[PDB]
Structures are given as structure tokens and as C-alpha cells.
Amino acid sequence: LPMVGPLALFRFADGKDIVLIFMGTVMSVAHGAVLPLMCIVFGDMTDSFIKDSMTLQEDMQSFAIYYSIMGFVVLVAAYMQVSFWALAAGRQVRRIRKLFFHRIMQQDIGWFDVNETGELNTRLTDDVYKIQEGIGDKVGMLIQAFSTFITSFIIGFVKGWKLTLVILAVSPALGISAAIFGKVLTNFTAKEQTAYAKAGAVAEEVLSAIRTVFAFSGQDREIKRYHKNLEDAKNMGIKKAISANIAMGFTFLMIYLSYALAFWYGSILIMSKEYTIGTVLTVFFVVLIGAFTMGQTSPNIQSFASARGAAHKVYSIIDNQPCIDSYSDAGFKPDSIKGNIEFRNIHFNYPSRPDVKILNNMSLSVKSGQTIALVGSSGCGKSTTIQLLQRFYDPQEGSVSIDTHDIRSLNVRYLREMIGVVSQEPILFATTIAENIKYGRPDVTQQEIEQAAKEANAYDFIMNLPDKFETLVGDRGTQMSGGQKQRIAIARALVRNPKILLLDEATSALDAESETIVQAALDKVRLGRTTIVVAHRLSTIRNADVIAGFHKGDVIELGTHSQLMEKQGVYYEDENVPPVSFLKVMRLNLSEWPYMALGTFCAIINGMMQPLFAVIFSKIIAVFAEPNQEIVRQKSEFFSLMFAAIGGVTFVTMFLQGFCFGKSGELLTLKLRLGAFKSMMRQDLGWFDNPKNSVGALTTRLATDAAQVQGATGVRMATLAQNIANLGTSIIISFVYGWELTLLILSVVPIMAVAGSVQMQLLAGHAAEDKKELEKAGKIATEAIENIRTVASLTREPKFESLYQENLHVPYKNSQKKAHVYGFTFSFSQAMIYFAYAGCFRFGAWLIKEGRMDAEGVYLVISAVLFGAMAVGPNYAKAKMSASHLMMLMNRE
């Protein structure tokens, strides 16, 4: 919901970043500007063709060279735009990750507790990815589209005083054709969505009972339901389909209608001799492409807004200054500390839950070398003092001093290294045993490691390690038991040579052997260390010079072993699915052969009628070549009529298709649901042996797969029909009067597609590899966020930062090269259209100058093949899954 200004999305752009963004913006506007010039040169080519229809070599060459320069400019501009924007996004994302980490670590523990580890982890992964994508991918395309719309409007204004006005008039026509659309659509869709609830609920109740009500008696009962309720639903169902279709149908009419009128009005100018046919062609195309550009943008603006919201979150968590300056040199650095720690009259409340005044007037005093423990009831706030000394919480009041020095008046880092604390269950970080033991201090000799191993008796589990301390811990740090992990953590603490030691519940959850061994090691390290311990081990309490009473989060008593003893102590699916094909799906509807037949026939009509737009478009383009003028307006009126006719025949064919495919799909839905339910309900009592077939699971299966297969059986066939009809009609029309242009275009186009749309995000294999690596990049981040407690205990935030930037280094390179290759493929895909245009048009000029085709023919073939290729445009996977599910669920038994 919340959002931050557009400039704030690039608050971390250095000089290099701003120059990169500036070049990206300039190139984006260059692409946006070149597209409408592409349109204008297309119009001029049209004009030259019509003129020659009744002389071309020079102008043909000029237009071809213009086409070529436009193509080269497009290639270079696209490559540089995408590359620069991606590099800027990568640099920004690297800076964002670094600063987000260095601010997270700068936050105290309370900040972490407010934001659960899951939320922070999903931020650091998903929201950072979203920032990267939004900025880099979409900012440039958004700017390009805005520039394209501006260029289209300026061209429409300069070339057309009123030509944009008829288009402005169709604009409300779709606006109100979004109202004729709107009323019917909204009301009848509400009706239909209400309607399905009948079958939904009838199925739900009985598939929740499942024979519990003696429901075999209700086998006939539900059957009657499907005799009525299903029959009702399909009725509503078919209505919805027709409803939906008419909407689209209506849309078609208006847009086609709009086209017609615009064309008509244009003719009125040309015969009136205030416009040129090429001028109306170019202005119409530029306004059309300008309109399409906004539709393309819509997802781009959605992505921009999403990235901006994620950016608000990230920047907010970046600019939140902590309640602790863990880095600066604020405070004293005595360099010689006695080791006595005293807390007097301390208060504190949790940042998240202020009602917890557990920290109540601590009045504890510990002298140098004065080993003192802590006792109390479980969960009585004992760990509060441990967090306090750890500089986890800021006492708003109360004096906490280490030898007459306010802890708050001392540098955090200056004090952390001289205090050592193990973790609750120290999670050996994602590294080897050697690094884990090393993490006590950045540098230390192996002799200290040997001494720590002897002190912790770690040897006991060191004989069998492949390379002793160099041995790798394991996978996920879930290979060694609790005792050995505790011992290695203790050794890691020891190597730090801390002056004051603290342990939190470090003596528990261990086997007898392990617990005694760790207790022995702990006692052996007790010497020369004033340790305030937190655990529930009786010996630790017993072996202590002085003992304290920590009950209810406050000191109740202090002093000798005997006095505290008196103080009421504790004692006191292709592979899975068999061979199955859509032929099964059709044959299941053998009773519906005529209806599938009529649907097929209507689909093939739709298929034929898509190309005829091309024939009529070529004819309207090339009609103006005629010397006469009365025939010109007569034929323009004729083509207006024929555009209306294609609109109407589109209306009727969409109606028949909606009707027939609704009937067929819905009757298939009824038959599938009937066969299914009969199969499940006629089976024996034990079919519930598989928990996967739960009431919820069966309900979702029946609800979804039914509609999905409805879509499958019909839409798959209709789409295949439309594509085959389009391609066949295009190839056939090209072959009527062309043996070579057919081949030339059928070559350049598909080889543009194979190297075009598909490559952008699929080819070269390593794109998926770097995507996977970015996916696993957070492997260290998730560990760090969860272990931040122990990271603070041992001050490893710089160390984990170094490791994280290291692990990011390679990711940086893969992201860079993936961006470069993606930019290359995108630029090539963009340029291939220009290259094909130039090649085909020059070839046609060749073939007419030799006298094979005709300007009518060249324009018709080129436009028809182009629109057919662009007119070709997921459910087959879900279609097959639903089909196989129902078949294996009904055919058996």
C-alpha cells in the first residue's frame, strides 16, 4: 500500500550510476522515437508503390537504406538501453544488499524480535529481487512507451488536424462499448458465479459425509442431484460463455467499425485533396501503435508500483537508525578492566511488548574473579540480565557499570570481545569445524585450538574426523549431536580469551555421557573466569562461592551458599500418468460428435476470416492508385461496407462458437462429473487408504479440473483450428502468385521467432543456472538472520559481511553476463522485424521490376503474412493433468 517518490527509487546512485541512468534514459527515448519513424517510412513506401502502380529504383533504394539505418539504430539503441539499465540495476542492488545488511546488524536484538526472521528473510530475497527487476527491466521500457506515445501524438497533430479526432471518437465508443460490455458482463457474471454454488455445495456436503450417513443409500439421491443440479449449472454455464463471447464480439465490431469510419473519413479528405493516402495511412498506424503502447505499459506500471512499494520497505529498514552505535568510538576504552560488574536500579521494557517490566531494579554486584551463578524458576526472566550485559537492551534508567564505567558510556565493540557468551544451541555456521572454532577471534595460532580441544575434551569425538579440525561439519549442520556441538561452541568461546563469561541454558538437552563431559569441561574452564551462568543444572548452583536469587526478574537475595540453600531452592505427470491422449477426450464425447463438428466448422470459419482482413487491407491500401476519383470513393465505400461485413460475420461466428462450445464443454463437464462421482462412491469402504484423497482435496479436484477440462477439450481444438487455418491461408495466398516471396518470408519470420521471443528468457541454458544461483544466494542470509544472536555474541557481523560479499561476488558476475546476453537477444528480436521488412520489401520491388508480381500482390502478400504471423497468439498442461486425474479416478473399478 505505502509508496515512496519516484526519485527515492534511486537514492543510491553514485556518479557512475547517474551517468548510466542518463544514457539509459536517452537511449530509451531514442527507441521510442524511432518506432513512429518506422511507421512514417512505411507510409512513404506505400505512397511510392501506389505512384509506381501507374521510376522506383532510386526511391526504392532510398527507402531500403532508410529501413536499414532504422534497423541498425534500433539494434544499437536496444542493446545499449537494456545493458545500461541492467548494469545500473545490478550496482544499485549490490549497494542495497550491502547497506541493508550493514543496517540490519546495526539494529539491536529488539529490532530483530519485532521483525520475525521469516519476514526479514523474505524481504532480503523476494523484495530485493523485485527491486532489481522493477528498476532494471521496467523503467526503461516505461520511458520508451511514454516517449512513443508522445511521438505518436506529435505526429498525429502535425500531420492531422482532425484525423486524431475520429480516433478520439472511437475512444468513448470503446468506453461505452465497455458499458454495453460492462452492464451485461457484470450482472450476468454475478448471476453465473452465484449459480455454480449449487453444484459446489451439493458436492461439498456429500463428499464430506462419504458414507458416514449410510450414504450408499444416498447413491441414488446424489445421482438425482446431478440429474437436476448439474443440469441447472450447465445452463447457467452456457449463458456465461455466450455472455462472455458477445462482449468480445461487440468489442470486435466497434474496433472494426471504428476502422471503417476512419478509413471512410480519410477517403473524404483524399478526394477532397487535403490529405495524401500515405499520410492517412501513416497517421492511422502511428495513432494505433501509440494506443497499443499504453496497453503494453500497463504491466510495466504494475511492476513499477510493486517495486516502489518494496523499495519503501527496504529504504525504511535502511534509514532506521539504531538505539546503539556499535561501530563508532563513542565511550571510554580503559584498556585495563578489573572485571567487576554492578547493576543498580535497572529498568527496561520490551520494544515490542512494553507491559513486560521484568527487568526490575537489579541490585547485583560481582567482583573480579568472583564466580557467581544465577538461580530461579524456569522462564522467570533470568536471561534478561544476560541480554543486558550483552548490550542487547538499553536501560532507560539504572546504573550498570563495569568497574566504575557506565556500560552505555563505553564502546560496544571495545567491550564485546572481552566478554564471551555461548548460544542456547550454538548452530555451527555454514562452514567447517576449523572456521567454527576460529570464529572466537579473527586470528589465533593452532596451539590455542589444541588447548581449547583439550580443555573441552573435544578429542573424544576428534579421532574419526577425516581431517580432524579441518573436517567439514556436515550438510545443514544437522550431523553432530548436541553434546559435541555444545563442546565445540564452548571451545570457540574459550579461544576468544574472554575476561567475563556468560552462558545461557548451555547445560541441558544432553545425554548422560555428554552432560557429564560438558560439565567437566565447564568446571575446568571456571578457573580464572568470573562467569554468570544461566541454566538448570544442580552442580553449577552448588559449586559457587556466592549465589543469587533471581526470581520474578529481580534480585531477591544474595550471598553465601547456605543462605541461598535455605531460600526455598528448586527441590524446596507424464511419467506418472499412463499413455493418454486427447483422442480419449474426444471419444469420451462420441454422443456429441455433431456438436464438436459444428464447433469445428465455426472455428474454421473464424480461421478463414482472419486472413481476409489482410486481403481487404491490401485492397484498401492499393485502391487509391486508380486514375479515376468517382471509382475511388465508390470503392472506399465498398470497403467500408466490407469492413462492416467482417465485423458482423465475426459477431455471428463468435456467437455460434460460444453457443456450441459452451454446450459441448458443459455436457462433457456433466458427463465427467457423473462418471467421477459414480466411480468414487460405488467403491468399497477402504478407498480412503490414501490421505491425499481428503475431503478438501477431492472438493478442489472436482471444482477446478472440471472447468479446466471444459476449457481444454474445446479451446485446444479451436486454437489448433485457428492456427492451421491462418497458416494455410497465408501460405496459400502467397503461393497463388508467388513462388519465392512465400519462401523468403516463411524463412525470415520463423527464424526471427526461434531467435526472437523464445530466446529472450530460455536459451543458452546458463540463464536458468544463474537464476538458480540467485535462488540459492540467500543460503547464507537466512542462516545469518537466524543466528544474529550468536553473531552479536561473538561480533561476527563484519565477518559474515565479508563472507556474504564473497558469496555475492560470483553472483554479481553471473548477473552481469546474464544481463548482457538477455540484452543481446532482446535487441536482436527487436531488430529482426526491421530487417525482415527491408528484405521482403526490396525483394518485392525486385520481383515487380522484373515483372513477376504486382504492387497489389506485393502489398497483399507482405501484409497478409505479417498479420498472420502476428495473429497466431498454457492450459494444455492443466488440461492433461485434469484429464489424467479424472480418467485414473473413474476408469479404475
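Each reported figure results from applying straightforward, stated rules to the coordinates on display, with no laboratory input. Note: ideal-geometry Cβ built from the backbone for every residue, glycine included; neighbour counts use all protein chains shown.
The packing ranking, built from the mean of other Cβ atoms within 10 Å per residue, places the peptides 221-231, 614-624, 658-668 in the order 658-668, 614-624, 221-231, highest first. In this label model, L37 and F216 are separated by 8.2 nm, measuring between points 7 Å along each Cα→Cβ vector.
Taking amide hydrogens as placed 1.01 Å from N in the peptide plane, the amide H of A215 sits under 5 Å from that of no residue at least 5 positions away in sequence or on another chain. For the listed peptides 28-35, 886-893, a ranking on the average number of other beta carbons within 10 Å per residue, highest first, reads 28-35, 886-893.
Estimated purely from DSSP H runs of n ≥ 4, each contributing -39500 (n - 2.57), the mean residue ellipticity at 222 nm for the chain is -23000 deg cm²/dmol once divided by its residues.
For the range 699-835, the normalised intensity computed at q = 0.10, 0.14, 0.20 Å⁻¹ comes to -0.70, -0.91, -1.10 (log10 of I(q)/I(0), Debye sum over alpha carbons, equal scatterers, no solvent).
Computed on the range 419-498, with alpha-carbon pairs under 8 angstrom and 6+ residues apart, the relative contact order is 56 percent. In units of the rule-of-thumb radius 2.2 N^0.38 Å, the range 604-711 shows an alpha carbon radius of gyration of 2.02. Over all projection directions, the Cα-based convex hull of the range 410-550 averages an area of 9.3 nm². Between the C-alpha center of the range 540-614 and that of the range 830-864 there is a gap of 56 Å. For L410, the residues whose amide H sits under 5 Å from its own are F332, ignoring neighbours fewer than 5 places away on the same chain, with H placed 1.01 Å from N. The string of couplings for the range 627-640 from the Karplus curve (6.51, -1.76, 1.60, θ = phi - 60°) is x, 6, 10, 4, 5, 4, 5, 4, 6, 4, 4, 4, 6, 4 Hz, one whole number per residue in order, with x for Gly and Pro.
The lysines whose alpha-carbon is closer than 27 Å to the alpha-carbon of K51, local same-chain residues fewer than 8 away aside, are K159, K162, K273, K619, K635, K849.
Non-local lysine pairs in the range 289-394, meaning eight or more places apart or on different chains, with alpha-carbon distances under 30 Å, amount to 7. Dimensions of the range 768-854 from C-alpha coordinates, computed as largest minus smallest value along each principal axis and given longest first, are 87, 16, 14 Å. Translational diffusion coefficient, Stokes-Einstein: compute it for the range 419-498 using the Kirkwood radius over C-alpha pairs as Rh, at 4 °C and 1.567 mPa s, and state it as an integer in µm² s⁻¹. Roughly 104 µm²/s, to the nearest whole number. As a proxy for reagent exposure, ranking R587, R91, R673, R487 by other Cβ atoms within 10 Å from fewest up yields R587, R91, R673, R487. Over every Cα atom in the range 663-705, the radius of gyration and the widest Cα-Cα span, Dmax, amount to 11.9, 37 Å. Ranking of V422, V715, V865 by neighbouring Cβ atoms within 10 Å, starting from the fewest: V715, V422, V865.
Once the gyration tensor of the Cα atoms in the chain is diagonalised, the equivalent ellipsoid follows with semi-axes of 72, 39, 25 Å, ordered largest first.
Computed 3J(HN,Hα) for the range 381-387, one whole-Hz value per residue from the Karplus formula 6.51 cos²θ - 1.76 cosθ + 1.60 where θ = phi - 60°, is x, 4, 5, 4, 5, 4, 4, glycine and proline marked x. Computed from backbone phi, the HN-Hα couplings of the range 100-110 come to 4, 4, 5, 8, 4, 4, 5, 5, 6, 5, x Hz, rounded to whole numbers (Karplus: 6.51 cos²θ - 1.76 cosθ + 1.60, θ = phi - 60°; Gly and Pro given as x). Compute the separation of the alpha-carbon centres of the range 348-411 and the range 675-709 and state it in Å as a whole number. Answer, in whole Å: 60. Centre-to-centre separation between the Cα atoms of the range 790-817 and those of the range 186-202: 54 Å. With the highest mean first, a sort of the peptides 807-818, 79-90 on other beta-carbon atoms found within 10 angstrom per residue produces 79-90, 807-818.
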